[PDB]
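As structure tokens, the structure follows; a few thoughts come after it.
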Amino acid sequence: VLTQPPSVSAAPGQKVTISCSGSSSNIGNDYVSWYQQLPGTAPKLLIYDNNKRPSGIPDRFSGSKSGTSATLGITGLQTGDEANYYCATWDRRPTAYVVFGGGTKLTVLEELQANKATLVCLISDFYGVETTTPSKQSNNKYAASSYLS
Amino acid sequence: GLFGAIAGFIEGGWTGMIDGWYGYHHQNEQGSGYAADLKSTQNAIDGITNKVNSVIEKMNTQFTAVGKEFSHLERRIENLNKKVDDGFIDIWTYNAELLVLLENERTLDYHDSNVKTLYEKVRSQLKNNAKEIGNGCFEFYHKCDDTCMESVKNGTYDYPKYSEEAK
Amino acid sequence: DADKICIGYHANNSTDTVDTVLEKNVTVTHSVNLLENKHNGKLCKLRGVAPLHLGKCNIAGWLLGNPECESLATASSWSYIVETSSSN
Amino acid sequence: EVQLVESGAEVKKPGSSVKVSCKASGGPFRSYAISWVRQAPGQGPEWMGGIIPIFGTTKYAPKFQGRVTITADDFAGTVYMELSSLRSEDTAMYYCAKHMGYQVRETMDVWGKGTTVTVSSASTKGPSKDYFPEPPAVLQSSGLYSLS
Amino acid sequence: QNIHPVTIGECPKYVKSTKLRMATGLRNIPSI
Amino acid sequence: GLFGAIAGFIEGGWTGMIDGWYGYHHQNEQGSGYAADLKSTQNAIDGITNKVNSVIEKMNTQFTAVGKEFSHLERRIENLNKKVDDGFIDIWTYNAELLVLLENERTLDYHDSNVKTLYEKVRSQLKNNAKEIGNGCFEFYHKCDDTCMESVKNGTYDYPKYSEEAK
Amino acid sequence: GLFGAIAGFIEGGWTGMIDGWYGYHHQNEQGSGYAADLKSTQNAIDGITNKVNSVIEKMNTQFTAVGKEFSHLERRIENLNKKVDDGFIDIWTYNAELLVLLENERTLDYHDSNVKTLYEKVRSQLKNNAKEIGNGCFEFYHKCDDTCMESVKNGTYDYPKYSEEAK
């Protein structure tokens, strides 16, 4: 597999770099591409053949490969650039296939009559049992839920 | 074939070259193998897919076309209607069969030209650093390791570098 | 000194053939059939709309109201009309 | 440009199989390969396999080797993906994406909008609490969702 | 199609042909 | 192209050769310039004008062909007449479009063959008094002044005269 | 011709080669003569007979098709029937004439390719044991008696044997 740092952060206007490290079976002997992924949308190609950009990708995106490590670079960091970034390459390991990196997140700075009874404990306005993961309100305060069957 | 390559001076095909239509088989001390030529296989796949789409687009679909009924006192227009229906079928059958016959001939010649173009490209690269031994093979006068072979297949063979290293 | 490279072309074990004016039954590595010769042997709905089968009656019997065609009195919409050689 | 349009969402039980499709604009024959990529929630994409124009040959990732079948109806400009012995872990968004050329490769330059496949032991049921496919909610061990 | 010249809907063009195969590849010569 | 010359080993065209379709660019101490090859441009203009005239002559002009009127009790022959008119239009549209598609392909290949024929003619003339440097250029081993260059373009180059004068 | 041989670098034809379409003229101390090349003439006769049969088979015979009679009150369907008959004749006339025009061009190019294929076969055989003197002739560097000439025309010329015997 390809290893990337799990998470990187920077302030607007800065340059960040996302490293992708593999082995001699993948990156060390084949080309590397990069994809950007925004919530709710499909992966978008940013870099192909190590360092080439498709039409429509701005100048501030760039890539390179050194031996076994590839590297994505972004400059003039914008709020719209906060997404997940993935490297991909052609692994000749066992049967050949396309392999993605782990990913790198860029941050910019009545019922009791049926012999059943369930508990209700809500929680919001923050910043046997199932538990709701902390979603995001329009308020921008964290909300969730929890129940003990 | 019109270009003398397929079933020509290259006597036959390669079941062991699986990744494309035209390519190389190399043989040096490190080993041997096949490799398709991507750039030329791609250009042909462009044209052939285009050819097939062209045939499709020219034969617009037939919509609802049912027969008609005539009385025993209307046999002249009955036979006229039959004459029309049969006539057009004879013509589209001719058109369909002829187009496929002619396009099939051109498609085969097309592949034959593509192989010949590839062979002459390599010949133009290697110049007199290698001996044209017929059957489409070049025998090198210098040691051509894997990097050397890889550069021939990329079109960036270095004729000056090896002209001094001949055996 | 026996280092060599050869140009060549693909082959497989396909047995499909094609014709040209110069030659028949040419085995080629790849081809497409452009001609459909297979049907399902039934009369079907046409884009979710069932046809009108007239059965024992013909056009005249349907519209006039022959006693044998009460099955057709309910006909409102259809996709095609089917008569048979027995529609008399 | 090219438009890739996947077929509708699917909800299936474990051990069954699903056949999704991807219809491409223009053509209908294409000179570039098409592969399928999925992505489970909170995960990176994983390639599944692809298919080559004219040659029709396929390559599959080792993880799905043995239970995935990619096919193409070039006259209908459509490519299919059938995945069998479904596990709950197969719940993901499935995309078709095209390659720049005729070989499958790490570079897929245009993607479809994706379609979802959900694999749960549950069946559809109306709410009383205890409803299944989503019309924030949480899911019990039953596979049934319960909201508030 | 060669099934029938009467058609309802969106059908292929009718022809009397029995074979219509179009080469996409090259002449197949596996063994010489 | 089927002959590997246009967009082939001759990588591109010459906006500076204005007097014809195929020709030469020379370069010696006196100067440089373009010159069309009259004899081969003429042969192609013969054939292409002939091709265009052939298309014209095969499409005889349509004379007066007006519609017809039918009553509400004549819809079978009304639809038959419509079937006939539409059918023939579909067939001449197919004929016209197909002829132009096929002739366009042949016309381009024709030009490609003409360039390749010219290049091989010169190659056959110069023999080994000049070095084939690819891209369609020959580099001379002897001084080739304007008279020398003019004789190459006339097809009367003097291989014995210059074989003794190599640099 | 598209292949530069017929009416090309081989300036003309041979009324004295009577037994085939393409072949050889040799000239050594024992004598001179013509000889057709059987294998290549046969392949062409295969294809051309096939071509002619293909044209035949695509034009199925016309069976009984007589006219019809109409009254002075039936001129619309009379003119429709005339429109149909004339229309189909215009279309089969176009089909017939066009097929022959296009096949004639391909047939001539076909022969041109066959001659060029033969010349390159011999060139590939003789390699540098003979001098390419243009006009399609090879001038030998060694004595080539009748057995030597016969082996060239069989495709089994012995380049090693004669490479040591050059004059």
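Each chain carries a letter (A, B, C, D, E, F and G) given by its place in the written order, and its residues are counted from 1.
The definition used in the following text is that contacts are C-beta pairs under 8 Å (C-beta built on N, C-alpha and C of every residue); 3 or more make two chains touch, one makes a residue touch a chain.
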Chain occupying the middle, per Cα centroid: B
Chain whose Cα centroid lies at the greatest distance from that of chain G: A
Inter-centroid spacing, chain F versus chain C (mean Cα positions, whole Å): 45
Separation of mean Cα positions, chain G and chain F [Å, integer]: 23
Chain A and chain G: spacing of chain centres that average the CA atoms, whole Å: 66
Distance between chain centroids, defined by C-alpha means - chain A, chain F (Å): 56
Where chain C touches two or more other chains at once, by residue number: 9-13, 18-19, 21-22, 26, 28-30, 32, 34
Overlap residues in chain A, where contacts from two or more other chains coincide: none
Where chain D touches two or more other chains, by residue: 54, 75
Touching residues on chain D, where the partner in the complex is chain A: 35, 37, 39, 43-47, 59-62, 65, 95, 97, 100, 104-109, 111-114, 128-129, 136-141, 146-148
List of chain E residues in touch with chain B within their complex: 5-17, 20-32
Residue ranges of chain F in contact with chain B within the complex: 2-4, 8-9, 76-77, 79-80, 83-84, 87, 90-91, 94, 97-98, 101-102, 105, 134
Parts of chain B lying in touch with chain C, wherever the complex brings them together: 5-6, 10, 12-15, 17-18, 20-29, 36, 52, 55, 96, 100-102, 104-105, 108, 111, 115, 118-119, 122, 133, 135-140, 142-144, 149, 152, 167
Chain B partner contacts - residues on chain D that touch it in the complex: 27-31, 53-54, 57, 75, 101-103
